[PDB]
$ cat structure-v4.cif   # mmCIF, C-alpha atoms and all ligand atoms; chains and numbers go by the auth columns
data_query
loop_
_atom_site.group_PDB
_atom_site.id
_atom_site.type_symbol
_atom_site.label_atom_id
_atom_site.label_comp_id
_atom_site.label_asym_id
_atom_site.label_seq_id
_atom_site.Cartn_x
_atom_site.Cartn_y
_atom_site.Cartn_z
_atom_site.B_iso_or_equiv
_atom_site.auth_seq_id
_atom_site.auth_asym_id
ATOM 1 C CA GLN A 1 -13.010 7.575 -16.124 0.00 235 S
ATOM 2 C CA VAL A 2 -11.668 4.049 -16.627 0.00 236 S
ATOM 3 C CA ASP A 3 -12.364 1.877 -19.640 0.00 237 S
ATOM 4 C CA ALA A 4 -15.334 -0.327 -18.685 0.00 238 S
ATOM 5 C CA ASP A 5 -13.888 -3.410 -20.481 0.00 239 S
ATOM 6 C CA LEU A 6 -10.569 -3.079 -18.715 0.00 240 S
ATOM 7 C CA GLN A 7 -12.418 -2.789 -15.430 0.00 241 S
ATOM 8 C CA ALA A 8 -14.549 -5.880 -16.087 0.00 242 S
ATOM 9 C CA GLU A 9 -11.496 -7.909 -17.142 0.00 243 S
ATOM 10 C CA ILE A 10 -9.394 -7.047 -14.090 0.00 244 S
ATOM 11 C CA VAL A 11 -12.202 -7.223 -11.553 0.00 245 S
ATOM 12 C CA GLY A 12 -13.322 -10.555 -13.030 0.00 246 S
ATOM 13 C CA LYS A 13 -9.891 -12.173 -12.967 0.00 247 S
ATOM 14 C CA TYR A 14 -8.318 -10.652 -9.847 0.00 248 S
ATOM 15 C CA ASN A 15 -10.839 -9.269 -7.402 0.00 249 S
ATOM 16 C CA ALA A 16 -11.085 -12.493 -5.335 0.00 250 S
ATOM 17 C CA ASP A 17 -7.252 -12.587 -5.043 0.00 251 S
ATOM 18 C CA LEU A 18 -6.990 -8.929 -4.048 0.00 252 S
ATOM 19 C CA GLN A 19 -9.777 -9.530 -1.538 0.00 253 S
ATOM 20 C CA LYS A 20 -7.901 -12.447 0.064 0.00 254 S
ATOM 21 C CA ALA A 21 -4.738 -10.327 0.261 0.00 255 S
ATOM 22 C CA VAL A 22 -6.619 -7.463 1.973 0.00 256 S
ATOM 23 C CA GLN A 23 -8.330 -9.919 4.335 0.00 257 S
ATOM 24 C CA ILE A 24 -5.051 -11.162 5.811 0.00 258 S
ATOM 25 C CA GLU A 25 -5.073 -9.746 9.360 0.00 259 S
ATOM 26 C CA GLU A 26 -1.304 -9.631 9.871 0.00 260 S
ATOM 27 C CA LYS A 27 -0.777 -6.179 8.377 0.00 261 S
ATOM 28 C CA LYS A 28 2.757 -6.632 7.004 0.00 262 S
ATOM 29 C CA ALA A 29 1.831 -9.852 5.204 0.00 263 S
ATOM 30 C CA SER A 30 -1.354 -8.225 3.939 0.00 264 S
ATOM 31 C CA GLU A 31 0.614 -5.291 2.553 0.00 265 S
ATOM 32 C CA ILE A 32 3.106 -7.661 0.869 0.00 266 S
ATOM 33 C CA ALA A 33 0.289 -9.830 -0.541 0.00 267 S
ATOM 34 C CA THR A 34 -1.717 -6.857 -1.854 0.00 268 S
ATOM 35 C CA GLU A 35 1.309 -5.375 -3.501 0.00 269 S
ATOM 36 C CA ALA A 36 2.142 -8.750 -5.111 0.00 270 S
ATOM 37 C CA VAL A 37 -1.339 -8.972 -6.665 0.00 271 S
ATOM 38 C CA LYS A 38 -1.082 -5.388 -7.942 0.00 272 S
ATOM 39 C CA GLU A 39 2.386 -5.950 -9.359 0.00 273 S
ATOM 40 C CA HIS A 40 1.285 -9.055 -11.251 0.00 274 S
ATOM 41 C CA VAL A 41 -1.734 -7.322 -12.798 0.00 275 S
ATOM 42 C CA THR A 42 0.366 -4.263 -13.731 0.00 276 S
ATOM 43 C CA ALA A 43 3.010 -6.450 -15.365 0.00 277 S
ATOM 44 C CA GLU A 44 0.412 -8.510 -17.283 0.00 278 S
ATOM 45 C CA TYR A 45 -1.060 -5.337 -18.812 0.00 279 S
ATOM 46 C CA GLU A 46 2.327 -3.697 -19.403 0.00 280 S
ATOM 47 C CA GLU A 47 3.433 -6.803 -21.354 0.00 281 S
ATOM 48 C CA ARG A 48 0.154 -6.991 -23.289 0.00 282 S
ATOM 49 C CA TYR A 49 -0.011 -3.264 -24.218 0.00 283 S
ATOM 50 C CA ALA A 50 3.685 -2.216 -24.249 0.00 284 S
ATOM 51 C CA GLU A 51 3.566 -1.061 -27.879 0.00 285 S
ATOM 52 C CA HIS A 52 -0.115 0.002 -28.004 0.00 286 S
ATOM 53 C CA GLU A 53 -0.849 3.646 -28.923 0.00 287 S
ATOM 54 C CA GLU A 54 -3.043 4.063 -25.843 0.00 288 S
ATOM 55 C CA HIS A 55 -0.474 2.438 -23.514 0.00 289 S
ATOM 56 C CA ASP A 56 -0.197 5.367 -21.121 0.00 290 S
ATOM 57 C CA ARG A 57 -3.954 5.749 -20.760 0.00 291 S
ATOM 58 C CA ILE A 58 -4.406 1.984 -20.305 0.00 292 S
ATOM 59 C CA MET A 59 -1.728 1.817 -17.622 0.00 293 S
ATOM 60 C CA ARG A 60 -3.327 4.735 -15.708 0.00 294 S
ATOM 61 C CA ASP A 61 -6.658 2.929 -15.916 0.00 295 S
ATOM 62 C CA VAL A 62 -5.057 -0.323 -14.606 0.00 296 S
ATOM 63 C CA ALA A 63 -3.544 1.601 -11.642 0.00 297 S
ATOM 64 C CA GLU A 64 -6.924 3.265 -10.862 0.00 298 S
ATOM 65 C CA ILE A 65 -8.870 0.026 -11.125 0.00 299 S
ATOM 66 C CA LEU A 66 -6.432 -1.690 -8.743 0.00 300 S
ATOM 67 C CA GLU A 67 -6.589 1.166 -6.194 0.00 301 S
ATOM 68 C CA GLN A 68 -10.403 1.237 -6.357 0.00 302 S
ATOM 69 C CA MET A 69 -10.579 -2.540 -5.846 0.00 303 S
ATOM 70 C CA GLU A 70 -8.310 -2.239 -2.794 0.00 304 S
ATOM 71 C CA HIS A 71 -10.337 0.680 -1.410 0.00 305 S
ATOM 72 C CA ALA A 72 -13.625 -1.179 -1.913 0.00 306 S
ATOM 73 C CA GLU A 73 -12.425 -4.234 -0.012 0.00 307 S
ATOM 74 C CA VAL A 74 -10.783 -2.303 2.830 0.00 308 S
ATOM 75 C CA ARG A 75 -14.077 -0.346 3.193 0.00 309 S
ATOM 76 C CA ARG A 76 -16.150 -3.524 2.921 0.00 310 S
ATOM 77 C CA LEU A 77 -14.235 -5.327 5.638 0.00 311 S
ATOM 78 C CA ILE A 78 -14.488 -2.206 7.938 0.00 312 S
ATOM 79 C CA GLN B 1 4.851 -6.592 20.485 0.00 235 L
ATOM 80 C CA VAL B 2 6.641 -3.444 19.314 0.00 236 L
ATOM 81 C CA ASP B 3 9.145 -1.489 21.360 0.00 237 L
ATOM 82 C CA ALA B 4 7.171 1.310 23.048 0.00 238 L
ATOM 83 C CA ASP B 5 9.996 3.879 22.560 0.00 239 L
ATOM 84 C CA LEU B 6 10.269 3.115 18.875 0.00 240 L
ATOM 85 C CA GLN B 7 6.520 3.499 18.583 0.00 241 L
ATOM 86 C CA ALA B 8 6.486 6.851 20.397 0.00 242 L
ATOM 87 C CA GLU B 9 9.372 8.165 18.277 0.00 243 L
ATOM 88 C CA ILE B 10 7.834 7.235 14.924 0.00 244 L
ATOM 89 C CA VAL B 11 4.269 8.178 15.793 0.00 245 L
ATOM 90 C CA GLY B 12 5.498 11.497 17.212 0.00 246 L
ATOM 91 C CA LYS B 13 7.592 12.450 14.195 0.00 247 L
ATOM 92 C CA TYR B 14 5.592 10.980 11.304 0.00 248 L
ATOM 93 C CA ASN B 15 1.969 10.337 12.143 0.00 249 L
ATOM 94 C CA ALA B 16 0.735 13.740 10.867 0.00 250 L
ATOM 95 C CA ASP B 17 2.574 13.150 7.543 0.00 251 L
ATOM 96 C CA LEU B 18 1.220 9.624 7.133 0.00 252 L
ATOM 97 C CA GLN B 19 -2.233 10.976 7.958 0.00 253 L
ATOM 98 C CA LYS B 20 -2.000 13.640 5.228 0.00 254 L
ATOM 99 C CA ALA B 21 -0.853 11.000 2.727 0.00 255 L
ATOM 100 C CA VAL B 22 -3.802 8.718 3.598 0.00 256 L
ATOM 101 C CA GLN B 23 -6.211 11.671 3.438 0.00 257 L
ATOM 102 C CA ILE B 24 -5.429 12.424 -0.209 0.00 258 L
ATOM 103 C CA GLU B 25 -8.622 11.396 -2.039 0.00 259 L
ATOM 104 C CA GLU B 26 -7.035 10.636 -5.414 0.00 260 L
ATOM 105 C CA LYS B 27 -6.163 7.015 -4.667 0.00 261 L
ATOM 106 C CA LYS B 28 -3.047 6.667 -6.849 0.00 262 L
ATOM 107 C CA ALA B 29 -1.470 9.808 -5.397 0.00 263 L
ATOM 108 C CA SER B 30 -2.445 8.683 -1.909 0.00 264 L
ATOM 109 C CA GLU B 31 -0.789 5.312 -2.459 0.00 265 L
ATOM 110 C CA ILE B 32 2.375 7.000 -3.799 0.00 266 L
ATOM 111 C CA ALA B 33 2.420 9.504 -0.907 0.00 267 L
ATOM 112 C CA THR B 34 1.870 6.839 1.773 0.00 268 L
ATOM 113 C CA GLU B 35 4.578 4.666 0.354 0.00 269 L
ATOM 114 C CA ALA B 36 6.975 7.652 0.238 0.00 270 L
ATOM 115 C CA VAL B 37 6.421 8.360 3.949 0.00 271 L
ATOM 116 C CA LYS B 38 6.945 4.682 4.808 0.00 272 L
ATOM 117 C CA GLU B 39 10.080 4.448 2.695 0.00 273 L
ATOM 118 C CA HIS B 40 11.619 7.501 4.353 0.00 274 L
ATOM 119 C CA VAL B 41 10.945 6.213 7.874 0.00 275 L
ATOM 120 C CA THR B 42 12.275 2.740 6.974 0.00 276 L
ATOM 121 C CA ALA B 43 15.447 4.227 5.499 0.00 277 L
ATOM 122 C CA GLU B 44 16.008 6.533 8.506 0.00 278 L
ATOM 123 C CA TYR B 45 15.885 3.552 10.887 0.00 279 L
ATOM 124 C CA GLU B 46 17.889 1.262 8.597 0.00 280 L
ATOM 125 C CA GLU B 47 20.665 3.901 8.473 0.00 281 L
ATOM 126 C CA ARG B 48 20.525 4.501 12.235 0.00 282 L
ATOM 127 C CA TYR B 49 20.510 0.795 13.260 0.00 283 L
ATOM 128 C CA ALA B 50 22.330 -0.917 10.342 0.00 284 L
ATOM 129 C CA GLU B 51 25.037 -2.384 12.589 0.00 285 L
ATOM 130 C CA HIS B 52 22.962 -2.753 15.791 0.00 286 L
ATOM 131 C CA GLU B 53 22.648 -6.271 17.270 0.00 287 L
ATOM 132 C CA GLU B 54 18.857 -5.968 17.390 0.00 288 L
ATOM 133 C CA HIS B 55 18.626 -4.624 13.811 0.00 289 L
ATOM 134 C CA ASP B 56 16.265 -7.302 12.532 0.00 290 L
ATOM 135 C CA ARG B 57 13.875 -6.944 15.457 0.00 291 L
ATOM 136 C CA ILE B 58 13.956 -3.134 15.200 0.00 292 L
ATOM 137 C CA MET B 59 13.222 -3.201 11.478 0.00 293 L
ATOM 138 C CA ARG B 60 10.247 -5.568 12.009 0.00 294 L
ATOM 139 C CA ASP B 61 8.960 -3.206 14.685 0.00 295 L
ATOM 140 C CA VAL B 62 9.347 -0.193 12.313 0.00 296 L
ATOM 141 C CA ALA B 63 7.368 -2.061 9.599 0.00 297 L
ATOM 142 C CA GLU B 64 4.599 -2.985 12.105 0.00 298 L
ATOM 143 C CA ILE B 65 4.368 0.517 13.532 0.00 299 L
ATOM 144 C CA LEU B 66 4.039 1.978 10.022 0.00 300 L
ATOM 145 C CA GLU B 67 1.330 -0.533 9.006 0.00 301 L
ATOM 146 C CA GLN B 68 -0.602 0.088 12.240 0.00 302 L
ATOM 147 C CA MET B 69 -0.417 3.864 11.724 0.00 303 L
ATOM 148 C CA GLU B 70 -1.761 3.452 8.178 0.00 304 L
ATOM 149 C CA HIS B 71 -4.530 1.110 9.358 0.00 305 L
ATOM 150 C CA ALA B 72 -5.542 3.487 12.159 0.00 306 L
ATOM 151 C CA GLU B 73 -5.894 6.440 9.804 0.00 307 L
ATOM 152 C CA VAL B 74 -7.704 4.529 7.052 0.00 308 L
ATOM 153 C CA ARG B 75 -10.138 3.262 9.751 0.00 309 L
ATOM 154 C CA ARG B 76 -10.441 6.727 11.293 0.00 310 L
ATOM 155 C CA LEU B 77 -11.311 8.404 8.017 0.00 311 L
ATOM 156 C CA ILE B 78 -13.916 5.627 7.245 0.00 312 L
HETATM 157 CA CA CA C . -4.489 2.106 -2.153 0.00 401 E
HETATM 158 CA CA CA C . -1.036 -1.440 5.107 0.00 402 E
#
$ encode --input "structure-v4.cif" --output "structure tokens" --more "lines below"
Ligand SMILES: [Ca+2]
Ligand SMILES: [Ca+2]
Amino acid sequence: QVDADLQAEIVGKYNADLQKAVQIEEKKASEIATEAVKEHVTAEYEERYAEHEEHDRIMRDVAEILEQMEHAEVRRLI
Amino acid sequence: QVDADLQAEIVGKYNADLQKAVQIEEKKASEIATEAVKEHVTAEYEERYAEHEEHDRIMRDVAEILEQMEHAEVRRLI
């Protein structure tokens, strides 16, 4: 589904940050924080791969990795 | 915390829609769908109460109601 290297890179760098964002109990602030983490990661990869031939596939993978990370932490806390 | 009438109005109108959005298994589409429901509700209330004296309080209540609805359904499915 997703590129395993892309998954390792994003999980490695950003999972702890996304976890902290999800762990904020005040739900508005948590939503804002989670979105901020996602937006940063998306922008980092967009900048890095803007002209790459597999750009569209990469960006779909980044979006899926981020959503799976969020889902895993929401599940894990519940 | 939130105005009980505002809560009843938004839950009554939009909970089933937010539930369907959260229930979509494909996580990107679910995220897009949930955000679309939230954006509509926020815009409806912003338009209705743009000049009201309690606008800021109302809009914070709308944001909290929407986040609580999302949390309740994510919890309920898990
Ligand atoms: Ca999500
Ligand atoms: Ca939320």
$ calpha_fit_and_write --input "structure-v4.cif" --fixed "chain S" --moving "chain L" --output "tab-separated table (two decimals) with C-alpha atoms, in the frame of the given file"
chain	number	residue	atom	x	y	z
L	235	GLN	CA	-13.01	7.57	-16.12
L	236	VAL	CA	-11.67	4.05	-16.63
L	237	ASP	CA	-12.36	1.88	-19.64
L	238	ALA	CA	-15.33	-0.33	-18.69
L	239	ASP	CA	-13.89	-3.41	-20.48
L	240	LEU	CA	-10.57	-3.08	-18.71
L	241	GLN	CA	-12.42	-2.79	-15.43
L	242	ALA	CA	-14.55	-5.88	-16.09
L	243	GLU	CA	-11.50	-7.91	-17.14
L	244	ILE	CA	-9.39	-7.05	-14.09
L	245	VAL	CA	-12.20	-7.22	-11.55
L	246	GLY	CA	-13.32	-10.55	-13.03
L	247	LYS	CA	-9.89	-12.17	-12.97
L	248	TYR	CA	-8.32	-10.65	-9.85
L	249	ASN	CA	-10.84	-9.27	-7.40
L	250	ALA	CA	-11.08	-12.49	-5.34
L	251	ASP	CA	-7.25	-12.59	-5.04
L	252	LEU	CA	-6.99	-8.93	-4.05
L	253	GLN	CA	-9.78	-9.53	-1.54
L	254	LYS	CA	-7.90	-12.45	0.06
L	255	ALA	CA	-4.74	-10.33	0.26
L	256	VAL	CA	-6.62	-7.46	1.97
L	257	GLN	CA	-8.33	-9.92	4.33
L	258	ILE	CA	-5.05	-11.16	5.81
L	259	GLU	CA	-5.07	-9.75	9.36
L	260	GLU	CA	-1.30	-9.63	9.87
L	261	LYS	CA	-0.78	-6.18	8.38
L	262	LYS	CA	2.76	-6.63	7.00
L	263	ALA	CA	1.83	-9.85	5.20
L	264	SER	CA	-1.35	-8.23	3.94
L	265	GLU	CA	0.61	-5.29	2.55
L	266	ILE	CA	3.11	-7.66	0.87
L	267	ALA	CA	0.29	-9.83	-0.54
L	268	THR	CA	-1.72	-6.86	-1.85
L	269	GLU	CA	1.31	-5.38	-3.50
L	270	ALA	CA	2.14	-8.75	-5.11
L	271	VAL	CA	-1.34	-8.97	-6.67
L	272	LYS	CA	-1.08	-5.39	-7.94
L	273	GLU	CA	2.39	-5.95	-9.36
L	274	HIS	CA	1.29	-9.06	-11.25
L	275	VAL	CA	-1.73	-7.32	-12.80
L	276	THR	CA	0.37	-4.26	-13.73
L	277	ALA	CA	3.01	-6.45	-15.36
L	278	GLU	CA	0.41	-8.51	-17.28
L	279	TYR	CA	-1.06	-5.34	-18.81
L	280	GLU	CA	2.33	-3.70	-19.40
L	281	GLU	CA	3.43	-6.80	-21.35
L	282	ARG	CA	0.15	-6.99	-23.29
L	283	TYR	CA	-0.01	-3.26	-24.22
L	284	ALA	CA	3.68	-2.22	-24.25
L	285	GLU	CA	3.57	-1.06	-27.88
L	286	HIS	CA	-0.12	0.00	-28.00
L	287	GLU	CA	-0.85	3.65	-28.92
L	288	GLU	CA	-3.04	4.06	-25.84
L	289	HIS	CA	-0.47	2.44	-23.51
L	290	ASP	CA	-0.20	5.37	-21.12
L	291	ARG	CA	-3.95	5.75	-20.76
L	292	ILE	CA	-4.41	1.98	-20.31
L	293	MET	CA	-1.73	1.82	-17.62
L	294	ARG	CA	-3.33	4.73	-15.71
L	295	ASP	CA	-6.66	2.93	-15.92
L	296	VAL	CA	-5.06	-0.32	-14.61
L	297	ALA	CA	-3.54	1.60	-11.64
L	298	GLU	CA	-6.92	3.27	-10.86
L	299	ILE	CA	-8.87	0.03	-11.13
L	300	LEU	CA	-6.43	-1.69	-8.74
L	301	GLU	CA	-6.59	1.17	-6.19
L	302	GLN	CA	-10.40	1.24	-6.36
L	303	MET	CA	-10.58	-2.54	-5.85
L	304	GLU	CA	-8.31	-2.24	-2.79
L	305	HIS	CA	-10.34	0.68	-1.41
L	306	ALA	CA	-13.62	-1.18	-1.91
L	307	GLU	CA	-12.43	-4.23	-0.01
L	308	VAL	CA	-10.78	-2.30	2.83
L	309	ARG	CA	-14.08	-0.35	3.19
L	310	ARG	CA	-16.15	-3.52	2.92
L	311	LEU	CA	-14.23	-5.33	5.64
L	312	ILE	CA	-14.49	-2.21	7.94
$ residues_around --input "structure-v4.cif" --residues "residue 300 of chain L" --least-positions-apart "3" --cutoff "10 Å" --atoms "all atoms listed in the file" --output "PyMOL selection string"
(chain S and resi 261-262) or (chain L and resi 241+244-245+248-249+252+268+271-273+275-276+294-297+303-306)
$ axis_aligned_box --input "structure-v4.cif" --around "segment 295-304 of chain L" --padding-each-side "8 Å" --output "lines of an AutoDock Vina configuration file"
center_x = 3.8
center_y = 0.3
center_z = 11.4
size_x = 27.1
size_y = 23.1
size_z = 22.5
$ closest_residue --input "structure-v4.cif" --among "S:264, S:299, S:254, S:308" --to "ligand CA 402 (chain E)" --atoms "only C-alpha atoms and all ligand atoms"
S:264
$ closest_residue --input "structure-v4.cif" --among "S:259, S:237, S:250, S:265" --to "ligand CA 402 (chain E)" --atoms "all atoms listed in the file"
S:265
$ closest_residue --input "structure-v4.cif" --among "L:312, L:263, L:240, L:255" --to "residue 298 of chain S" --atoms "all atoms listed in the file"
L:263
